[PDB]
Amino acid sequence: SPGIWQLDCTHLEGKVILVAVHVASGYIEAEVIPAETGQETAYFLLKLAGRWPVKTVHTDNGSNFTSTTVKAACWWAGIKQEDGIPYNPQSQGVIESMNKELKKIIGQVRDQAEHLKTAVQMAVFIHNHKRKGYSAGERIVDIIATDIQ
Amino acid sequence: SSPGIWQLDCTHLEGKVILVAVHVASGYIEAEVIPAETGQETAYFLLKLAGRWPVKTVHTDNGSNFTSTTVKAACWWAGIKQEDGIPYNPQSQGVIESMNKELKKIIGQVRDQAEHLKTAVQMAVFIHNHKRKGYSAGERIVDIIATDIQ
Amino acid sequence: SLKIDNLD
Amino acid sequence: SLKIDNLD
Ligand SMILES: [Cl-]
Ligand SMILES: [Cl-]
Ligand SMILES: [Cl-]
């Protein structure tokens, strides 16, 4: 569905990378934070929903599903907050594989950046531009434009 | 006004700096709060923007970001043509000023719902981009780029 | 504090 | 320092 995103939290270098994936296209946004808290998650979701038409978010764990700050941001930004239970077992696998891909990319750029946050944005850029034929950034724009019409 | 053209814009509030990128053909925006405009902060912001939208050209907001070798290195990395922001079209000057005044108005309307200014700025980006004036800016940018992909 | 970003 | 984010 054009509005459905999945949150995902992964660790590198003692830090936390929070990722939102647009499920139908594989397009991602990501940020580095010192630890996952409901306040950091809430702010990240506010950012995401101002940039794309976010209808539903599958949260990455029960603490962010429960967090009243996360629910307050989802209220503010008009987002339906859902659990991220893989009713479809394929969902576990796809996320694991994306974390492994992103980490691979981050290792390929790591020496070009002093700070991990730069390496993570270089990896977002490479991930979203990669042709597999269309890129994820092309696919997300096509899906949502089709929906607007 | 081609699909890949964006303009940088730097405005101040509360002793802090709000950096904005505007997609010129749609009016859609992205923004962040930083303590001061430096070439390192502007370079990081453009790397973010270019990983999320197909950024072909950026008209920089002033001559120091145009000169900055860190900004040029991010534009090299991300495949962006870095241009000056001279309003050879005087309309361009007026359109920015009036977007800064609209954003500031929106920020005042939400300001009391947020402890931190960066929250208030993201709420204003959300309102700006969803406002129907008829399509929203977020609708116009998607339509423009999708038409270009096709 | 009653705020979206600080419910306290 | 020879980095994109720290040219020094
Ligand atoms: Cl400044
Ligand atoms: Cl892209
Ligand atoms: Cl939007």
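Residue numbers begin at 1 in each chain, while the letters A, B, ... track the order of the sequences.
- For the pair A:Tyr27 and A:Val23, the minimum side-chain heavy-atom distance is 4.5 Å or more.
- Considering CD of A:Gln108 and CD1 of A:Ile106, their distance stands at 10.5 Å, rounded to 0.5 Å.
- B:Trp6 is listed as a side-chain neighbour of B:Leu49, based on a closest heavy-atom distance under 4.5 Å.
- Atom CD of B:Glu83 is surrounded by more than 12 heavy atoms from other residues, nucleotides or ligands within 6.0 Å.
- Contacts of B:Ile149 classified as side-chain contact (heavy atoms from CB on, under 4.5 Å), with partners at least two apart in sequence or in another chain: A:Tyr134, A:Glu138, A:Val141, B:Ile145.
- Apart from A:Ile95 itself, the hydrophobic cluster it occupies contains nothing, where clustering links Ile, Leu, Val, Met, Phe, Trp and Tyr at side-chain heavy-atom distances under 4.5 Å.
- Side-chain contact between A:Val57 and A:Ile4 is absent, with no heavy atoms from C-beta onward closer than 4.5 Å.
- In this structure the side chain of A:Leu45 never reaches within 4.5 angstrom of the side chain of A:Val54, judged on heavy atoms.
- Side-chain atoms of A:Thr10 and A:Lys103 include a donor-acceptor pair closer than 3.5 Å.
- Qualifying side-chain hydrogen bond (donor to acceptor under 3.5 Å, both in side chains) partners for B:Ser26, counting only residues two or more places apart in sequence or in other chains: B:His23.
- Every salt bridge (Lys or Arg N to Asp or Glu O under 4.0 Å) that A:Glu31 has, sequence neighbours left out, goes to A:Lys47.
- Remark: D:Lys3 engages A:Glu114, D:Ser1, D:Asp5, D:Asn6 in a side-chain contact (heavy atoms from CB on, under 4.5 Å) (not counting sequence neighbours).
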Can you list the steps and then say if B:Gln82 with B:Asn65 is a side-chain hydrogen bond (donor to acceptor under 3.5 Å, both in side chains)?
CA-CA 10 Å; B:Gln82 186 214 217; B:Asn65 278 333; over 6 Å; no
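- More than 12 heavy atoms of other shown residues, nucleotides or ligands fall within 6.0 angstrom of atom CD in B:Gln150.
- In this model, a donor atom of one side chain and an acceptor atom of the other lie less than 3.5 Å apart for A:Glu29 and A:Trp52.
- A salt bridge is absent between A:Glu36 and A:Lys15; no separation between the charged side-chain nitrogens and carboxylate oxygens falls under 4.0 Å.
- Cluster partners of B:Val110, using a side-chain heavy-atom cutoff of under 4.5 Å among ILVMFWY residues and allowing indirect links, are A:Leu46, A:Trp75, A:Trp76, B:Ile106, B:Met123, B:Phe126, B:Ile127, C:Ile4.
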